């Protein structure tokens, strides 16, 4: 399981923060796909999120003007925390805490999202948002299909590569 990057240089965020948030996201999705994440239910077709520097730049605009991403019909998640130590270890922890927000995690785990980008600002407090290309609806079922072994197994979107039992596509629009 390795990060998949598209773009660019709206990627302003230091690699370790990016990879931390991406591994948190896709680590969870891959487990849910294999039906083996305590609390998330049966196996299903799951797309990996592509890390997208364009969506990271959108996340940047959403931090400095909330409401922006909704205008472009995007999913958004937010997480913050007061902290004192190393910035990076603060974030590792915040994500743990984040991962207990049933509401937030619906966007994080939505099987039909295919790309996202996050951004953060330090104020000690850190604030992050991630922007997602697809936003679920309230009550929308996430179950469906099977975890993929080969490309044929991916059905939600055209031209998907199955890897690490996650489906990837660069064209979901």
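Residue numbers count along the first chain shown, from 1.
The entry shows an unbroken chain from residue 137 to residue 138, with no unmodelled residues of the deposited sequence in between. Per-stretch averaging of Cα B factors for 78 to 86 and 96 to 104 places 78 to 86 on top. Higher mean CA temperature factor between 147 to 155 and 16 to 24: 147 to 155, per the PDB entry. Of the candidates 58, 45, 38, 70, the one whose C-alpha carries the top B factor in the deposited record is 38. As recorded in the entry, 124 carries the highest CA temperature factor of 112, 29, 124, 115.
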